[PDB]
Structure formats: structure tokens, C-alpha cells
Amino acid sequence: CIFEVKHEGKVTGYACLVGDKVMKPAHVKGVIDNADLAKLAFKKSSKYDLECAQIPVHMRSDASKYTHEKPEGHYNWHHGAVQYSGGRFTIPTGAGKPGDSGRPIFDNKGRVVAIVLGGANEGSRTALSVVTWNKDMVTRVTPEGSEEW
Ligand SMILES: [Hg+2]
């Protein structure tokens with residue numbers, strides 16, 4: 001489900017197969033390091049800093065489901081455990097760096113809950129700037145002073 005965006009042979013961010021679309025942050029330079037995915041036609045959306053396309057039938061079995069359901073508590077992500085509360089995802093400052101955009105924040109059942117775009121450093125912890133699903137529609141939460149990863 002996770003695929004890496006490469007630029008001049010260097011990993012810039014990530015791309016993710018969520019729902020029936022193929023996502024990757026718009027700000028990420030490079031092209032998805034996967035033939036099938038790279039040749040697709042993406043629809044940019046500067047409001048959401050998102051850039052989606054549709055998953056080829058032969059990879060649709062490889063998508064990851066999403067969900068609007070996110071109760072205060074701890075979520076899972078590649079570098080550890082994210083914490084959700086007050087309508088804000090955070091992590092121990094230092095555990096997320098530039099080049100982590102595109103990485104999904106899963107819950108304990110595997111449902112992708114948000115997609116990291118960058119983070120604002122507010123001391124001990126960094127409030128993440130993510131793309132998250134609302135009632136049905138996509139949304140983007142960007143804490144004051146975010147540094148786009
Ligand atoms: Hg994914």
C-alpha cells in the first residue's frame with residue numbers, strides 16, 4: 001500500500017493506496033517508484049495539498065481502507081505511536097522529519113486514519129499537519145507554524 005516517491009534517485013515522500021484512489025502529497029517532488037503507479041493521471045488539489053488518482057484493477061486488492069472514526073487515544077505510524085486528542089495528532093519531537101510526508105497513520109485495525117503532510121514544532125511534541133477524512137469527505141488539518149515534510 002505504501003510506495004515511495006523518488007526524485008533524482010532520492011526518496012522525497014511517499015504514496016499510499018487508500019480506498020480506491022492512489023494518494024501522495026502534492027508538495028512532494030518526484031514520481032512514484034512503481035511503473036503501474038507512475039504512468040497514472042493524477043488530479044491535483046491545492047487546498048488539500050493532496051494529489052490523487054485511481055488504483056489500477058490489479059492493485060486494488062492492495063489498497064488500505066480508511067475511516068472518519070478516530071477517538072482520542074494512540075494511533076500507529078512507521079516511527080512509533082501517534083497520539084490523538086483535542087482534534088490534533090502529535091508525536092515526540094524528533095520522530096518525524098522531512099521526507100515522511102505521505103506516510104499513513106493507521107489505527108489498530110489497519111484503517112488509515114490520516115496522511116502526514118508535515119508538522120509544527122511546539123516543544124516537547126510536534127502537532128502533525130495531516131489529511132483526514134470527515135463525515136465522508138477529505139479534509140486537511142494544519143497546526144499553526146507547520147513545517148511541510
Ligand atoms: Hg496505504
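Residues numbered from 1 in each chain as written, not as in the entry; some residues may be left out. Heavy atoms only, no water.

For this deposited structure, the header cites X-ray crystallography as the method used and 3.0 Å as the resolution.

Colleague: Looking at this model, I keep getting lost on the overall build of the chain. Mind explaining?
Modeller: Along the chain, the regular secondary structure elements total one helix and 14 strands. In summary, the chain has a C-alpha radius of gyration of 14 Å against a globular reference of 15 Å for 149 residues, a match within 12%. Seen through its principal axes, the chain has C-alpha atoms that stretch 40 × 35 × 25 Å. The proportion of buried residues among the 149 residues of the chain is 44%. A separation of at least 24 residues holds for 53% of the contacts in the chain among residues at least 6 apart in sequence. Of the side-chain charges in the chain, 20 are positive and 17 negative, and the distance between the mean point of each set is 3 Å. (Helix = DSSP H or I, 4+ residues; strand = E, 2+ residues; numbered from the N terminus. Rg over C-alpha atoms; globule rule 2.2 N^0.38 Å. Buried < 20%, exposed > 50% of the residue type's maximum accessible area, 1.4 Å probe, protein only. Contact = heavy atoms within 4.5 Å. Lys, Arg positive; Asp, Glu negative; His and termini not counted. Charge placed at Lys NZ, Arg CZ, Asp CG, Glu CD.)

Colleague: What exactly am I supposed to notice about the nonpolar core here?
Modeller: One recurring pattern in soluble globular proteins: nonpolar side chains tend to sit buried together. In terms of nonpolar packing, the biggest core is built from 13 residues, with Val82, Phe89, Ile105 and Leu128 touching the most fellow members. At the level of secondary structure, the elements contributing two or more residues to this core comprise β7 (73–77), β8 (80–85), β9 (88–92), β11 (112–121) and β12 (125–133). Counting residues per element, this core draws most heavily on β11, at three residues. Not counting chain neighbours up to four residues away, the residues in contact with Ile105 comprise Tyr75, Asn76, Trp77, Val82, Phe89, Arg111, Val112, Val113, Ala114, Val116, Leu128 and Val130. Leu50, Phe106, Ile115 and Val138 belong to the second largest nonpolar core, which has 11 residues in total. (Core = buried A, V, L, I, M, F, W, Y, C linked by side-chain atoms within 4.5 Å.)

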